[PDB]
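First up is the structure itself, then whatever we jot down about it.
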Amino acid sequence: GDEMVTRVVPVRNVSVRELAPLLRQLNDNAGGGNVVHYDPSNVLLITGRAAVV
Amino acid sequence: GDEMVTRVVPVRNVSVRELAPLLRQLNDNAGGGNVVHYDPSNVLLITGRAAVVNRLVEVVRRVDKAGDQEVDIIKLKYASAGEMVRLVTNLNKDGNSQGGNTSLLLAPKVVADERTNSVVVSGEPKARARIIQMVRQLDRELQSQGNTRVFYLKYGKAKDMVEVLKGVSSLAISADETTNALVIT
Amino acid sequence: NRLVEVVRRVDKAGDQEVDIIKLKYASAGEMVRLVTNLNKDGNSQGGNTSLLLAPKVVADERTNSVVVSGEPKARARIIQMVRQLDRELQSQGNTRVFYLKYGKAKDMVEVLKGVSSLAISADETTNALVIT
């Protein structure tokens with residue numbers, strides 16, 4: 001539920017760059033403590049509580 | 001806990017430049033005494049108290065393991081690595097692009113060796129997962145009927161027939177004078 | 001104290017060393033070709049990426065040695081890739097020799113040359129066909 005952990009899924013098919021408004025918007029969706037960021041290697045790395053993640 | 005130490009993790013997969021807002025923001029997250037900075041040689045160097053650095057280095061190894069790009073080699077026993085290459089090369093955007101913000105030049109790519117007949121992958125574990133499937137998809141053998149057949153002619157002479165068929169081709173023919181058979185491909 | 005801390009830090013923050021370990025089996029040049037298609041292992045013109053300063057891959061065919069230039073994460077994953085492609089052949093090679101029993105190797109070469117026209121020779125002595 002409130003468990004703050006970092007977990008990482010790539011978007012292989014597409015450049016993950018297209019989820020930057022979306023997922024940092026999901027940081028911006030509810031109570032913070034979140035990180036979203038993007039590799040040109042096109043893996044999408046996350047940090048946050050269990051639900052937001 | 002409050003132990004102020006410097007420790008350094010590279011992001012090999014990606015240029016570490018992308019954690020500059022994030023990690024100096026983690027300086028900016030709580031009570032200061034922090035340093036974050038970046039080598040173009042793409043190691044990420046930190047200074048700070050034990051916790052702030054716990055979640056900093058968390059970010060760094062994370063971004064590091066976020067974008068894996070390893071190679072897997074498994075032997076192909078059957079269909080040609082070069083045909084394997086050609087057919088899959090037309091799978092453009094399996095890492096083969098000039099995409100800008102996409103950066104698809106950092107995405108998984110496909111290869112093969114014809115000395116061992118080995119598929120070569122370079123990229124993601126999703127690429128390991130799906131290209132071990134594509135290894136298996138084309139590692140199929142021939143079923144009896146090949147590309148090349150040999151016709152045993154009974155009443156016709158193979159050497160004379162070659163000339164006849166050469167017109168039709170003019171496809172690659174020779175006739176074996178001994179067994180009087182025609183080898184066309 | 002904490003200035004020079006920053007400096008040695010930024011110094012070890014972007015490591016770039018080389019590692020040389022012998023390949024015993026499959027060709028360094030093939031090793032080169034197959035990995036060269038791993039573009040973005042240091043092989044790019046990327047701006048703020050600066051991937052021209054990221055790890056790159058090489059080989060020698062005189063010792064048959066892999067050469068790396070970059071990170072220890074590159075040492076870690078390219079010593080894996082050394083081992084992945086350093087596998088030997090399993091009995092069946094690229095080239096086979098067929099012993100023909102009722103057919104003559106020199107005569108068969110010309111027959112097969114059509115099929116190829118793939119690289120053939122026939123040994124007059126043991127009357128065998130060597131195709132690759």
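A quick note on method: Cβ atoms are made from the backbone with ideal geometry, for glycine too, and the neighbour counts reach across all protein chains shown. Since every read-out is calculated from the coordinates, none of them should be taken as a lab result.
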Conditions: (1) within 28 Å of the chain's Cα centre (by Cα); (2) assigned to a strand (DSSP E or B); (3) farther than 20 Å from B:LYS77 by Cα. B:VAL150 meets all but one. Number of the miss? (1)
When the residues of the range B:164-185 are filtered to those that are over 13 Å from C:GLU110 (Cα atoms) and assigned to a loop (DSSP other than H, G, I, E, B), which remaining residue is farthest from the other protein chains (Cβ to nearest Cβ)? B:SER170
In the range C:21-60, how many residues are more than 14 Å from the chain's Cα centre (by Cα) and more than 21 Å from B:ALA107 (Cβ to Cβ)? 0
Are there any pairs, at least 6 apart or on different chains, whose C-beta atoms fall under 6 Å, with the first in the range B:52-66 and farther than 13 Å from A:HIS37 by Cα and the second surrounded by 22 or more Cβ atoms within 10 Å (Cβ to Cβ), and if so, which? B:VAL53/B:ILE46; B:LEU56/B:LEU23; B:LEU56/B:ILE46
Given the condition facing chain A (nearest Cβ under 9 Å), under 17 Å from the mean Cα position of the chain (by Cα) and surrounded by fewer than 24 Cβ atoms within 10 Å (Cβ to Cβ), answer yes or no: does some residue in the range B:61-81 qualify? yes
Here is a list of conditions, (1) within 20 Å of B:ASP176 (Cβ to Cβ); (2) surrounded by 14 or more Cβ atoms within 10 Å (Cβ to Cβ), and C:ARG96 meets all of them except one; can you say which number that is? (2)
Checking the structure you have, find out if any residue of the range C:102-124 is surrounded by fewer than 18 Cβ atoms within 10 Å (Cβ to Cβ), at the interface with another protein chain (Cβ under 10 Å from one of its Cβ atoms) and touching a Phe, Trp or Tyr at 6+ places or on another chain (Cβ under 8 Å). no
With the requirement that a residue be more than 8 Å from chain B (Cβ to nearest Cβ) and either among the aliphatic types (A, V, I, L, M) or assigned to a strand (DSSP E or B) (or both), what does the range C:87-101 give you? C:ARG96, C:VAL97, C:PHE98, C:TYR99, C:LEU100
Tell me whether the range C:35-43 contains one or more residues that are among the hydroxyl-bearing types (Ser, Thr, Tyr) and at positive phi. no
I need a count of the residues in the range B:39-54 that are within 11 Å of B:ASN27 (Cα to Cα) and surrounded by fewer than 24 Cβ atoms within 10 Å (Cβ to Cβ). 4
Scanning the range B:18-31 for residues that are among the charged types (D, E, K, R) and more than 10 Å from chain A (Cβ to nearest Cβ), which turns out surrounded by the fewest Cβ atoms within 10 Å (Cβ to Cβ)? B:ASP28
With respect to B:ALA129, determine if the residue is within 30 Å of A:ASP39 (Cα to Cα) and hydrophobic (A, V, I, L, M, F, W, C). yes
What number of residues in the range C:54-71 are of a type outside the set (A, V, I, L, M, F, W, C) and assigned to a loop (DSSP other than H, G, I, E, B)? 6
